[PDB]
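A look at the structure
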Amino acid sequence: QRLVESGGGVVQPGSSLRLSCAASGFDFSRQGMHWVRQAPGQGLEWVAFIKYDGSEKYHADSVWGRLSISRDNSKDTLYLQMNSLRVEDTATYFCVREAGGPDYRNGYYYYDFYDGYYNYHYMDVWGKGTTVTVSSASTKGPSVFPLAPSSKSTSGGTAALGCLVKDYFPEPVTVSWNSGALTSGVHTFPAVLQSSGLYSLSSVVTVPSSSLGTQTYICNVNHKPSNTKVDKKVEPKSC
Amino acid sequence: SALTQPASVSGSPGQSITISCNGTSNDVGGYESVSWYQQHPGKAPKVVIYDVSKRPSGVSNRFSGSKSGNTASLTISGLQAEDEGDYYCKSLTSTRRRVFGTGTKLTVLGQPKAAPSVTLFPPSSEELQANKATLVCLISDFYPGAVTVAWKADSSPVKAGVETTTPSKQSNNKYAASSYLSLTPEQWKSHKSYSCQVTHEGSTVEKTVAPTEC
Ligand SMILES: *[C@@H]1O[C@H](CO[C@@H]2O[C@@H](C)[C@@H](O)[C@@H](O)[C@@H]2O)[C@@H](O[C@@H]2O[C@H](CO)[C@@H](O)[C@H](O)[C@H]2NC(C)=O)[C@H](O)[C@H]1NC(C)=O
């Protein structure tokens, strides 16, 4: 059993968006399906449920009339149509399967109409999720500043240097070093969302202290959402 | 309206803990359909209990569940570091809807310590020319994944302009985090030093930068 979400993206409030969920590894036509969402650093929020044959639909009060669930059993696909999007709709969206099977009575297994599953009232399969971001912020490439190595950043034989990737929108940015030739001692930190609505993050690399001034170090920042790429050379300080 | 859970609970390895989940006559108290879900960082939730007390196939028997009136309860015996994460309860409703609990952060205590590596970068000259200034404090290779970050201007505490990330697991299964202090060039030049203080398990590692230094 497998669930794969898609259709997520970054939009301004009032915009529309259509989420899709590809299901495999089981009889999609017989099982109920849920949409569940989780905002960044927040709790799970049940969004909607749809019966195996789509004859019944249920939506949360907070999304009713704006988000709507649907399904196509001929293509084994679950849909979530998102209209009049609001900032609070910003979250990771999960396609989730309703656990189910036959009900048991008088020594008999009963199924619903057309042998559809009865709900067992718990979720047994989750997709990895698709990201939805609703923001008034406009697209913006990152400003890349050097985080130069000095005596106050070295640890004996090794030294730390990096790049500050500042004020971009939206996520994500990816960072490599020396065009991927430098993969050891490298660590890129998760981004912070500043009150400006713009993001910032840092990428750091640990290198031989003796190699400074002889070896060149360039951070390759990539921001596809703005079609921007920046190669930043990091010069060593004399401190 | 979501079901009420405690914000956080914690115990030591081997001992037993219990997480409560409070609903109404139209959800928790109305049906025998309460389920519990475990969520690790950057992961989808996994069910550990359903129908109040039933265990899914392949779930540890350390997990148990019960219910009394409007209060559902998840109990974890023989605590392990593996059990660390967020726990959510879920219930069917009288309106045929589903509702999750507010979730509980479960922390496993008494684990073996790893002190944090702290690297503090002052504002680059380039950023300064752009009439801006950012202090970058990077924290890595610590465990457990709980830290506290405080900033100092000279000797005085600073909270304004501070942005800090929640700790996340590294590839090496340790934790890392970062903190940023946004200043004006004037503010930066106005003080003799700025300090990034990282507290971790009753110990504080502090790094300092000064405008007077390169
Ligand atoms: C979730 O509910 C439990 C149980 O609360 C009892 O039942 C409620 C419906 C209401 O009638 C309460 O007055 C009852 O106490 C709460 O458990 C209590 O927790 C406090 C401290 O947290 C403890 O001192 C009490 O002994 C507990 N009471 C019982 C009966 O065990 C729990 O606090 C609730 N969770 C919250 C409020 O977040």
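Residues numbered from 1 in each chain as written, not as in the entry; some residues may be left out. Chains lettered and ligands numbered in written order. Heavy atoms only, no water. Residues with missing side-chain atoms left out of burial classes, pairs and counts.

As recorded in the entry header, the structure was determined using X-ray crystallography to a resolution of 2.300 Å.

**Considerations on the overall build of chain A**
What counts, and what does not: Every helix listed is a DSSP run of H or I at least four residues long, and every strand listed is a run of E at least two residues long, numbered separately from the N terminus. For the radius of gyration, the atom set is restricted to C-alpha positions; the globular benchmark scales as 2.2 Å times the number of residues to the power 0.38.
From N to C terminus, chain A includes 0 helices and 22 strands. The globule rule puts the C-alpha radius of gyration for 239 residues at 18 Å, and the 24 Å found for chain A is more than 25% above it. In terms of overall dimensions, chain A has a C-alpha envelope of 85 × 40 × 30 Å along the principal axes.

**Quick notes on the side chain of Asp-167 of chain A**
Worth spelling out the cut-off: Under the scheme applied here, a residue whose accessible area is under 20% of the maximum for its type counts as buried, over 50% as exposed, and between as partly exposed, the area being computed with a 1.4 Å probe on protein chains only.
In this structure, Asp-167 of chain A sits in strand β16 (residues 158-168). For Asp-167 of chain A, a relative accessible area of 10% corresponds to the buried category.

**Some remarks on the side chain of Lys-166 of chain A**
Defined as follows: Residues adjacent in sequence count toward polar contacts only when both atoms are side-chain atoms; beyond that, a polar contact is any pair of N or O atoms within 3.5 Å, and within protein one must be able to donate a hydrogen and the other to accept it.
Considering the arrangement of structural elements, one finds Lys-166 of chain A in strand β16. For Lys-166 of chain A, a relative accessible area of 5% gives the class buried. Side-chain polar atoms of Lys-166 of chain A contact the side chain of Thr-134 of chain B, separated by 3.1 Å.

**Concerning the sheet that holds strand β2 (residues 17-22) of chain B**
Residues and elements named next belong to chain B. Put simply, the rule reads: For two strands to count as paired, DSSP must find a minimum of two bridges between them. What counts as an axis is a line fitted to C-alpha atoms, over the stretch in contact for a helix, and the angles between N-to-C directions run from 0 to 180 degrees.
Judged by pairing direction, the sheet is antiparallel, and its 3 strands sit side by side in the order β2-β6-β5 without closing on themselves. Looking along the sheet, the strands with just one partner apiece sit at the ends: β2 and β5 (63-68). The sheet shows a mean angle of 20° between the axes of neighbouring strands, taken without regard to direction. Pairing between β2 and strand β6 (residues 71-76): 6 bridges, direction antiparallel. Within the sheet, the bridge partner assigned to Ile-17 lies in β6 and is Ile-76.

**Some remarks on the site of the ligand**
All names here are of chain B. Put simply, the rule reads: Nearness is defined per residue: one heavy atom within 4 Å of the molecule or strand is enough. Only the protein chains shown count as cover for residues, and the accessible areas themselves come from Shrake-Rupley with a 1.4 Å probe. Under the scheme applied here, ten amino acids are nonpolar (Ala, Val, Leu, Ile, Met, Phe, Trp, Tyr, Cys and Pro), four are charged (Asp, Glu, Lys and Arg), and all others, including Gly, are polar.
Taken together, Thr-4, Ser-20, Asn-22 and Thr-71 make up the full set of residues adjacent to the ligand. Within the side chain of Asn-22, an N or O atom sits 2.3 Å from an oxygen atom of the ligand. In the complex, the protein chains occlude 22% of the 700 Å² of accessible area that the ligand would expose alone. Grouping the constituent residues of the shell around the ligand by class yields no nonpolar, 4 polar and no charged.

**Points about the pattern of salt bridges**
Residue and element names in this part refer to chain A. Operational definition: Salt-bridge detection follows one rule: a side-chain nitrogen of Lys or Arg within 4 Å of a carboxyl oxygen of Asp or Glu.
One pass over the structure, following the stated rule, counts 18 salt bridges over all chains. Between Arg-37 and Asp-89 there is a salt bridge, with its nearest N and O atoms 2.9 Å apart. One end of the pair, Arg-37, is in strand β4 (residues 33-38); the other, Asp-89, is in the loop between β8 (77-82) and β9 (91-101), with 52 residues separating them in the sequence. Each member of the pair, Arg-37 as well as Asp-89, carries the same accessibility label: buried. In this structure, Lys-166 and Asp-167 form a salt bridge, with 3.7 Å as the shortest nitrogen-oxygen distance. Each of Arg-37, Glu-45, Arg-66 and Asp-89 takes part in salt bridges that share partners, so that together they form one network.

**Digging into the packing of aromatic side chains**
All names here are of chain A. Put simply, the rule is: Each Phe, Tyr or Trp ring, with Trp reduced to its six-membered ring, pairs with another whose centre is within 6.5 Å; inter-plane angles below 30 degrees give stacked pairs, above 60 give edge-to-face pairs, and intermediate values give tilted ones.
Scanning the entire structure with this criterion turns up 13 aromatic pairs over all chains. Each ring, one from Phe-94 and one from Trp-126, has its centre 5.6 Å from the other, and the planes form 75°; the classification is edge-to-face. Taken together, the positions of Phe-94 in strand β9 and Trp-126 in strand β12 (residues 118-126) put the pair 32 residues apart, joining distant regions of the chain. Residue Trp-126 is classed as buried on the basis of its relative accessible area of 14%.

**Some words on the state of the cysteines**
Disulfide: a covalent bond connecting the sulfur atoms of a pair of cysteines. Residue and element names in this part refer to chain A. Selection rule: Disulfide: a pair of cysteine sulfur atoms within 2.5 Å of each other.
Applying the stated criterion across every chain, the model contains 5 disulfides over all chains. In this model, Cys-163 is linked to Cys-219 through a disulfide, with the two sulfur atoms separated by 2.0 Å. Looking along the S-S bond of the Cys-163-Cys-219 disulfide, the torsion reads about -95°, which is the left-handed sense. Pair noted here: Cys-163 is in strand β16 and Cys-219 is in strand β21 (residues 218-223), with a separation of 56 residues, a long-range link. By relative accessible area, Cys-163 is classed as buried at 0%.

**Remarks on the domain arrangement of chain A**
Residues and elements named next belong to chain A. Where we set the bar: These domain limits were set by an automatic method or by a database of domain assignments. Contacts are residue-level and defined by heavy atoms, with any inter-residue pair within 4.5 Å sufficient. The term buried area denotes the loss of accessible surface (1.4 Å probe radius) that occurs when two parts are joined, taken as the sum for both partners.
When its domains are assigned, chain A resolves into domain 1 (2-136) and domain 2 (137-233). Every contact between the two is made by 4 residues of domain 1 and, on the other side, 4 residues of domain 2. Interface area lost by domain 1 to domain 2 is led by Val-10, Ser-135 and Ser-136, which between them contribute 76%. At the surface where domain 1 touches domain 2, the tally comes to 0 salt bridges. For the pair domain 1 and domain 2, the number of links is 1 residue pair in polar contact. Considering only residue class, the side of domain 1 that touches domain 2 consists of 1 nonpolar, 3 polar and no charged.

**Re the environment of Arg-97 of chain A**
All names here are of chain A. Position of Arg-97 relative to the elements: it lies in strand β9. Residue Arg-97 is classed as buried on the basis of its relative accessible area, which comes to 10%. Residues within four places of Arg-97 in sequence aside, it is in contact with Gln-1, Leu-3, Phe-26, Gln-31, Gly-32, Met-33, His-34, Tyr-122, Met-123, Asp-124 and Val-125. One polar contact links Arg-97 to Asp-124, side chain to side chain, over a distance of 2.6 Å.

**Details of the interface of chain A and chain B**
The interface is formed by 47 residues belonging to chain A together with 40 residues belonging to chain B. Each partner contributes to the roughly 3600 Å² buried at the junction of chain A and chain B, and carbon and sulfur atoms together form 63% of this total. Seen at the junction of chain A and chain B, the total is 5 salt bridges. With 6 residues, β12 of chain A is the largest single contributor of residues to the side of chain A that touches chain B. Considering only residue class, the side of chain A that touches chain B consists of 24 nonpolar, 14 polar and 9 charged.

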